[PDB]
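**Student:** Take this structure, written in structure tokens, and hold onto it; I'll ask about it next.
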Amino acid sequence: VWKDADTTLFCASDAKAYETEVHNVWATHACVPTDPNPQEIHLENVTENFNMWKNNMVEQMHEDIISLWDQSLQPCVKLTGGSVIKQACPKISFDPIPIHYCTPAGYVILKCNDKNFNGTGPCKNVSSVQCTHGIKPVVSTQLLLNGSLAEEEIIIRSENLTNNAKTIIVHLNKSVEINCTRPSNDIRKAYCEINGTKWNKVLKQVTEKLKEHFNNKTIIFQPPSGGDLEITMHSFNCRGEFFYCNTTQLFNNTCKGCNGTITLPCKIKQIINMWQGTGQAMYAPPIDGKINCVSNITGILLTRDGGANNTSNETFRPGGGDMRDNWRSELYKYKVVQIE
Ligand SMILES: N=C(N)NCCN1CCN(C(=O)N2C[C@H](CO)C[C@H](C(=O)Nc3ccc(Cl)c(F)c3)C2)CC1
Ligand SMILES: *[C@@H]1O[C@H](CO)[C@@H](O)[C@H](O)[C@H]1NC(C)=O
Ligand SMILES: *[C@@H]1O[C@H](CO)[C@@H](O)[C@H](O)[C@H]1NC(C)=O
Ligand SMILES: *[C@@H]1O[C@H](CO)[C@@H](O)[C@H](O)[C@H]1NC(C)=O
Ligand SMILES: *[C@@H]1O[C@H](CO)[C@@H](O)[C@H](O)[C@H]1NC(C)=O
Ligand SMILES: *[C@@H]1O[C@H](CO)[C@@H](O)[C@H](O)[C@H]1NC(C)=O
Ligand SMILES: *[C@@H]1O[C@H](CO)[C@@H](O)[C@H](O)[C@H]1NC(C)=O
Ligand SMILES: *[C@@H]1O[C@H](CO)[C@@H](O)[C@H](O)[C@H]1NC(C)=O
Ligand SMILES: *[C@@H]1O[C@H](CO)[C@@H](O)[C@H](O)[C@H]1NC(C)=O
Ligand SMILES: *[C@@H]1O[C@H](CO)[C@@H](O)[C@H](O)[C@H]1NC(C)=O
């Protein structure tokens, strides 16, 4: 027997000894070793209600990544309003690793094994576990990177699809590779390569699905309508450098004669609007050599235009900024219960 409850979680990872990569270093002192023998217990004929938009695990993971980034990605200058601090900012080794979130004695994690689970409402195939799976804490905007994939169809996730102020998480069932490079020897100019055939096939399927939720209306994609570079661009961190990539070529409804390699223009930025809290961090110029990251696009962050009930269209724009939706997109099938 159990009841919905919150408690302090603990983390587990496969961190290595002597490795200087910051995620490894942080997991070495902040987490325990991964469960050598994990085994979930199935709860026969048990239906449970989940709410990925109201999940204290998300808040706790957010706390951890903030602590991780604050211990590892030390900006040269942090203009956090008023006075400014110019601490140490050596170049570091940055590559996220999987982190497990685990419950203490007296608690368990309920796991939604419904393959069409959209993140809210009842779950028919419930299992109990001691730790979540390994979740990579990938910080990004617009595109969710290096995550898990929907096991069946593309899933639409939203706290309330009818309210246009609620972010939509698109969970893909097929990943799309995005290959980003800053060639060696403008040191800040880069480019991301995406296969256009693939991207346009998935993007078409996303419109088909969104049609299902918006009574077969005309689905239109448009670039963000204003804001800072972090959300009008696809932002992410590659080898400790902050990439800002123009996704206009991705969120055009054009696709013809357009089906080759899509080349997104990118910049490595030194001055960043932080995602942890309102403030500005400045880092040193980028490192030498070929900077390259090959990542899987496993989801999209979408915001729907308002003032369209009286039209025949629904316009969708890439979103982002609140990193909790990134953790949400992986924590959606977990919930913490107390053993009564
Ligand atoms: N948890 C709650 N409830 N609020 C937190 C909000 N608090 C306050 C201030 N916050 C902003 O103001 N933000 C707006 C800002 C643009 O002005 C950009 C920020 C960004 O996402 N930065 C970013 C940097 C690097 C990478 Cl790689 C990346 F993927 C993203 C988001 C966030 C946290
Ligand atoms: C229910 O979940 C279990 C894992 O706990 C899985 O093996 C099984 O295929 C699931 N059943 C359905 C119908 O999805
Ligand atoms: C998710 O599924 C539940 C089923 O109970 C439904 O009530 C809810 O509207 C769905 N949400 C979305 C965004 O499809
Ligand atoms: C990228 O996707 C492929 C297939 O979708 C998968 O096998 C691979 O593990 C993924 N890579 C990462 C780093 O998640
Ligand atoms: C992904 O989901 C779409 C529907 O959203 C479906 O048409 C397609 O066949 C699915 N792909 C795979 C590989 O399951
Ligand atoms: C969803 O948002 C719409 C639009 O504001 C609102 O009218 C409706 O009450 C919301 N639904 C719920 C269940 O809160
Ligand atoms: C990524 O792009 C670079 C430059 O275009 C290329 O040299 C490299 O082979 C690519 N790698 C993959 C896995 O696509
Ligand atoms: C792009 O994707 C399509 C379909 O997924 C594939 O057939 C094609 O070979 C890819 N293009 C390149 C240059 O790899
Ligand atoms: C992205 O590129 C398009 C076309 O070159 C341009 O109109 C747009 O201003 C760019 N995005 C930003 C945020 O500057
Ligand atoms: C995604 O995973 C690949 C393989 O592990 C890695 O090379 C890449 O840097 C990751 N991307 C991000 C944005 O962390």
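Labels used: A, B, ... for chains in the order of the structure tokens, numbers from 1 for residues in each chain, and numbers from 1 for ligands as shown.
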Write out as an NGL selection string which residues come within 12 Å of residue A:62 when counting only C-alpha atoms, dropping same-chain ones fewer than 5 positions away.
**Tutor:** :A and (55-57 or 67-69 or 101 or 137-139 or 275-277 or 322-328 or 331)
**Student:** Ligand 4: which residues are within 8 Å, counting only C-alpha atoms and all ligand atoms? Reply as JSON, numbers by chain.
**Tutor:** {"A": [146, 147, 148, 149, 174, 175, 176, 177, 295, 296]}
**Student:** Please identify every residue of stretch 238-309 of chain A that has at least one atom no farther than 9 Å from an atom of stretch 81-92 of chain A, counting only C-alpha atoms, and for each give the shortest atom pair and the distance in Å to one decimal, arranged by chain then increasing number, as a tab-separated table.
**Tutor:**
```
residue	atom	partner	partner_atom	distance
A:239	CA	A:92	CA	8.0
A:240	CA	A:92	CA	6.6
A:278	CA	A:81	CA	8.6
A:279	CA	A:81	CA	6.6
A:280	CA	A:81	CA	8.3
A:283	CA	A:89	CA	7.0
A:284	CA	A:89	CA	7.3
A:286	CA	A:91	CA	8.6
A:287	CA	A:91	CA	7.6
```
**Student:** Using only N, CA and C atoms, please write the residues we just selected to a file, as a compact mmCIF listing (two decimals), in the first residue's frame.
**Tutor:**
```
# COMPACT_ATOMS: atom_id res chain seq x y z
N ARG A 239 31.54 20.11 -25.64
CA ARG A 239 32.91 20.13 -25.12
C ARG A 239 33.16 21.35 -24.24
N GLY A 240 32.13 21.79 -23.52
CA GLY A 240 32.24 22.96 -22.67
C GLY A 240 32.08 24.30 -23.37
N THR A 278 18.47 34.11 -13.35
CA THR A 278 18.64 35.31 -14.16
C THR A 278 19.99 35.95 -13.87
N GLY A 279 20.82 36.03 -14.91
CA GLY A 279 22.15 36.57 -14.79
C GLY A 279 22.92 36.31 -16.06
N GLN A 280 24.12 36.89 -16.11
CA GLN A 280 24.98 36.82 -17.29
C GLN A 280 26.33 36.24 -16.89
N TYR A 283 32.46 33.54 -20.52
CA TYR A 283 33.51 32.54 -20.56
C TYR A 283 34.64 33.00 -21.48
N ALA A 284 35.74 32.26 -21.45
CA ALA A 284 36.88 32.57 -22.30
C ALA A 284 36.63 32.11 -23.73
N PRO A 286 36.98 30.14 -27.36
CA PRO A 286 36.96 28.68 -27.50
C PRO A 286 38.36 28.08 -27.61
N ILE A 287 38.42 26.77 -27.39
CA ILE A 287 39.66 26.01 -27.44
C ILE A 287 40.11 25.83 -28.88
```
**Student:** What is the atom 8 (C, counted along the ligand's line) of ligand 6-atom CA of residue A:54 distance in Å, reported with one decimal?
**Tutor:**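 These two atoms are separated by 16.6 Å.
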**Student:** With only C-alpha atoms and all ligand atoms as the basis for distance, which of A:124, A:234, A:335, A:317 is at the shortest distance from ligand 9?
**Tutor:**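 Of the candidates, the smallest distance to ligand 9 is held by A:234.
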**Student:** Please provide the set of residues having any atom within 9 Å of residue A:336, restricted to only C-alpha atoms, with same-chain residues fewer than 2 positions apart removed, written as an MDAnalysis selection string.
**Tutor:** chainID A and resid 3:7 55:57 103 107:110 334 338
**Student:** Within 10 Å of residue A:285, counting only C-alpha atoms, which residues show up once you throw out same-chain ones fewer than 2 positions away? Write them as a ChimeraX atom specification, please.
**Tutor:** /A:91,187-188,241,268-271,282-283,287-288
**Student:** Just write the chosen residues, N, CA, C and O atoms, as an mmCIF file, in the first residue's frame.
**Tutor:**
```cif
data_model
loop_
_atom_site.group_PDB
_atom_site.id
_atom_site.type_symbol
_atom_site.label_atom_id
_atom_site.label_comp_id
_atom_site.auth_asym_id
_atom_site.auth_seq_id
_atom_site.Cartn_x
_atom_site.Cartn_y
_atom_site.Cartn_z
ATOM 1 N N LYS A 91 39.587 25.996 -19.058
ATOM 2 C CA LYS A 91 38.856 25.078 -19.919
ATOM 3 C C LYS A 91 38.765 23.716 -19.242
ATOM 4 O O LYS A 91 39.714 23.258 -18.603
ATOM 5 N N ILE A 187 37.046 32.099 -35.277
ATOM 6 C CA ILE A 187 37.105 30.951 -34.379
ATOM 7 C C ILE A 187 35.747 30.641 -33.760
ATOM 8 O O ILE A 187 35.549 29.538 -33.235
ATOM 9 N N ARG A 188 34.805 31.579 -33.809
ATOM 10 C CA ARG A 188 33.497 31.392 -33.202
ATOM 11 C C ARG A 188 32.456 30.858 -34.178
ATOM 12 O O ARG A 188 31.348 30.527 -33.754
ATOM 13 N N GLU A 241 31.875 24.319 -24.679
ATOM 14 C CA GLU A 241 31.632 25.555 -25.411
ATOM 15 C C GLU A 241 30.145 25.693 -25.717
ATOM 16 O O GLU A 241 29.469 24.706 -26.018
ATOM 17 N N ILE A 268 29.785 30.078 -31.553
ATOM 18 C CA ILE A 268 30.168 29.820 -30.172
ATOM 19 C C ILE A 268 30.125 31.157 -29.447
ATOM 20 O O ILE A 268 30.791 32.114 -29.856
ATOM 21 N N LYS A 269 29.322 31.240 -28.396
ATOM 22 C CA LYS A 269 29.150 32.478 -27.652
ATOM 23 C C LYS A 269 29.961 32.441 -26.365
ATOM 24 O O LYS A 269 30.065 31.398 -25.712
ATOM 25 N N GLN A 270 30.535 33.590 -26.010
ATOM 26 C CA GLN A 270 31.235 33.781 -24.746
ATOM 27 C C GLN A 270 30.343 34.357 -23.657
ATOM 28 O O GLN A 270 30.511 34.017 -22.482
ATOM 29 N N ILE A 271 29.415 35.241 -24.015
ATOM 30 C CA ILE A 271 28.491 35.850 -23.065
ATOM 31 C C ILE A 271 27.165 35.111 -23.162
ATOM 32 O O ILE A 271 26.555 35.044 -24.237
ATOM 33 N N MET A 282 30.181 35.193 -18.483
ATOM 34 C CA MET A 282 31.107 35.319 -19.600
ATOM 35 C C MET A 282 32.220 34.292 -19.458
ATOM 36 O O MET A 282 32.849 34.195 -18.399
ATOM 37 N N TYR A 283 32.464 33.543 -20.524
ATOM 38 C CA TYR A 283 33.513 32.537 -20.563
ATOM 39 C C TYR A 283 34.638 32.997 -21.482
ATOM 40 O O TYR A 283 34.523 33.995 -22.198
ATOM 41 N N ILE A 287 38.420 26.769 -27.389
ATOM 42 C CA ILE A 287 39.664 26.008 -27.437
ATOM 43 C C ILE A 287 40.109 25.833 -28.883
ATOM 44 O O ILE A 287 39.360 26.146 -29.817
ATOM 45 N N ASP A 288 41.326 25.331 -29.083
ATOM 46 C CA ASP A 288 41.833 25.104 -30.427
ATOM 47 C C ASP A 288 41.375 23.747 -30.958
ATOM 48 O O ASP A 288 40.885 22.890 -30.218
#
```
**Student:** Which residues form the shell of 10 Å around ligand 9 when you count only C-alpha atoms and all ligand atoms, given as a short mmCIF file (atom, residue, chain, number, x, y, z; two decimals) with N, CA, C and O atoms, in the first residue's frame?
**Tutor:**
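Saved the output as out16.cif:
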```cif
data_model
loop_
_atom_site.label_atom_id
_atom_site.label_comp_id
_atom_site.auth_asym_id
_atom_site.auth_seq_id
_atom_site.Cartn_x
_atom_site.Cartn_y
_atom_site.Cartn_z
N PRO A 223 9.63 30.24 -36.97
CA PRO A 223 10.72 30.50 -36.03
C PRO A 223 10.22 31.30 -34.84
O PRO A 223 9.15 31.94 -34.92
N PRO A 224 10.95 31.30 -33.73
CA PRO A 224 10.50 32.06 -32.55
C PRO A 224 10.21 33.51 -32.90
O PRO A 224 10.91 34.13 -33.71
N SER A 225 9.18 34.06 -32.27
CA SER A 225 8.78 35.45 -32.51
C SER A 225 9.35 36.35 -31.41
O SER A 225 8.64 36.89 -30.58
N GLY A 226 10.67 36.49 -31.43
CA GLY A 226 11.35 37.40 -30.53
C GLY A 226 11.92 36.70 -29.31
O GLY A 226 11.58 35.56 -28.98
N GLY A 227 12.81 37.41 -28.62
CA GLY A 227 13.47 36.91 -27.43
C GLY A 227 14.97 37.00 -27.55
O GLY A 227 15.53 37.49 -28.53
N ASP A 228 15.64 36.51 -26.51
CA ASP A 228 17.10 36.49 -26.50
C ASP A 228 17.61 35.30 -27.32
O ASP A 228 16.88 34.37 -27.66
N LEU A 229 18.91 35.36 -27.64
CA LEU A 229 19.51 34.37 -28.54
C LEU A 229 19.33 32.95 -28.02
O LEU A 229 19.26 32.01 -28.82
N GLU A 230 19.25 32.78 -26.70
CA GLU A 230 19.17 31.43 -26.14
C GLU A 230 17.92 30.69 -26.59
O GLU A 230 17.93 29.46 -26.70
N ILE A 231 16.83 31.40 -26.87
CA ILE A 231 15.59 30.74 -27.25
C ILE A 231 15.19 30.99 -28.69
O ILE A 231 14.42 30.19 -29.25
N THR A 232 15.67 32.06 -29.33
CA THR A 232 15.50 32.16 -30.77
C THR A 232 16.47 31.27 -31.54
O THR A 232 16.28 31.07 -32.75
N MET A 233 17.50 30.75 -30.88
CA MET A 233 18.43 29.80 -31.46
C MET A 233 18.36 28.47 -30.72
O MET A 233 17.86 28.38 -29.60
N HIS A 234 18.86 27.43 -31.37
CA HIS A 234 19.06 26.14 -30.71
C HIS A 234 20.38 26.21 -29.95
O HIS A 234 21.45 26.22 -30.56
N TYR A 244 25.30 28.29 -30.35
CA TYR A 244 24.03 28.91 -30.71
C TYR A 244 23.81 28.67 -32.20
O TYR A 244 24.60 29.13 -33.03
N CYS A 245 22.74 27.95 -32.53
CA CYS A 245 22.53 27.49 -33.90
C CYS A 245 21.18 27.99 -34.42
O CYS A 245 20.16 27.88 -33.73
N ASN A 246 21.21 28.55 -35.62
CA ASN A 246 20.01 29.08 -36.26
C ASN A 246 19.21 27.93 -36.86
O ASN A 246 19.70 27.22 -37.74
N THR A 247 17.98 27.75 -36.38
CA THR A 247 17.13 26.64 -36.79
C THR A 247 16.05 27.07 -37.78
O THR A 247 15.07 26.34 -37.96
N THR A 248 16.20 28.24 -38.41
CA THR A 248 15.20 28.70 -39.37
C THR A 248 14.98 27.66 -40.47
O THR A 248 13.84 27.44 -40.90
N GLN A 249 16.05 27.01 -40.92
CA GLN A 249 15.94 26.02 -41.98
C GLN A 249 15.24 24.75 -41.52
O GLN A 249 14.81 23.95 -42.36
N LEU A 264 23.07 24.25 -40.80
CA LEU A 264 22.67 25.34 -39.92
C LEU A 264 23.88 26.18 -39.56
O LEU A 264 24.92 25.62 -39.19
N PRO A 265 23.81 27.51 -39.67
CA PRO A 265 24.93 28.35 -39.23
C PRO A 265 24.89 28.52 -37.71
O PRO A 265 23.84 28.78 -37.13
N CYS A 266 26.05 28.38 -37.08
CA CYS A 266 26.16 28.44 -35.63
C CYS A 266 27.27 29.38 -35.21
O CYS A 266 28.18 29.71 -35.98
#
```
**Student:** Please check which protein, DNA or RNA residues sit within 9 Å of ligand 2, counting only C-alpha atoms and all ligand atoms, and write them as a list in words.
**Tutor:** residues 40, 41, 42, 43, 111, 112, 113, 114, 115, 116, 124, 125, 126, 127 and 128 of chain A
**Student:** For the residues selected in the previous step, produce a file with N, CA and C atoms as a compact mmCIF listing (two decimals), in the first residue's frame.
**Tutor:**
```
# COMPACT_ATOMS: atom_id res chain seq x y z
N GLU A 40 12.83 -4.55 -11.07
CA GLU A 40 11.52 -3.96 -10.84
C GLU A 40 10.50 -5.03 -10.45
N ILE A 41 9.50 -4.61 -9.68
CA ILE A 41 8.40 -5.48 -9.27
C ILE A 41 7.15 -5.02 -10.01
N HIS A 42 6.52 -5.92 -10.75
CA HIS A 42 5.29 -5.58 -11.44
C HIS A 42 4.11 -5.62 -10.47
N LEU A 43 3.21 -4.65 -10.62
CA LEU A 43 2.02 -4.52 -9.78
C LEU A 43 0.81 -4.93 -10.62
N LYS A 111 6.59 3.24 -11.82
CA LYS A 111 7.06 3.37 -13.19
C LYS A 111 5.92 3.05 -14.15
N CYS A 112 5.61 4.00 -15.03
CA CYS A 112 4.58 3.83 -16.04
C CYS A 112 5.18 3.11 -17.24
N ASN A 113 4.75 1.87 -17.47
CA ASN A 113 5.22 1.09 -18.61
C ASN A 113 4.22 1.10 -19.77
N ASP A 114 3.25 2.01 -19.75
CA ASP A 114 2.35 2.17 -20.90
C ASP A 114 3.11 2.81 -22.06
N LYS A 115 3.09 2.14 -23.21
CA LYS A 115 3.88 2.59 -24.35
C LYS A 115 3.28 3.81 -25.03
N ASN A 116 2.01 4.12 -24.79
CA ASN A 116 1.40 5.34 -25.31
C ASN A 116 1.23 6.41 -24.24
N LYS A 124 -1.84 2.12 -16.95
CA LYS A 124 -2.42 0.79 -16.77
C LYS A 124 -1.38 -0.29 -16.49
N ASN A 125 -0.12 -0.07 -16.86
CA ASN A 125 0.96 -1.04 -16.68
C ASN A 125 2.00 -0.43 -15.75
N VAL A 126 1.81 -0.61 -14.45
CA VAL A 126 2.63 0.03 -13.43
C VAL A 126 3.61 -0.99 -12.86
N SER A 127 4.86 -0.56 -12.72
CA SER A 127 5.89 -1.33 -12.05
C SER A 127 6.54 -0.43 -11.01
N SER A 128 7.12 -1.05 -10.00
CA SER A 128 7.85 -0.35 -8.95
C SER A 128 9.33 -0.66 -9.07
```
**Student:** Once you count only C-alpha atoms and all ligand atoms, what closest atom pair and distance in Å to one decimal does each residue of chain A within 10 Å of ligand 6 have, with rows by chain and rising residue number, as a tab-separated table?
**Tutor:**
```
residue	atom	partner	partner_atom_place_in_ligand_line	distance
A:159	CA	ligand 6	1 (C)	8.2
A:160	CA	ligand 6	1 (C)	5.0
A:161	CA	ligand 6	1 (C)	6.8
A:162	CA	ligand 6	2 (O)	4.7
A:163	CA	ligand 6	2 (O)	3.7
A:164	CA	ligand 6	4 (C)	7.1
A:165	CA	ligand 6	5 (O)	8.1
A:166	CA	ligand 6	2 (O)	8.4
```
**Student:** At a cut-off of 10 Å, using only C-alpha atoms, what residues contact residue A:1? Leave out same-chain residues fewer than 5 positions from it and give the result as an MDAnalysis selection string.
**Tutor:** chainID A and resid 337:340
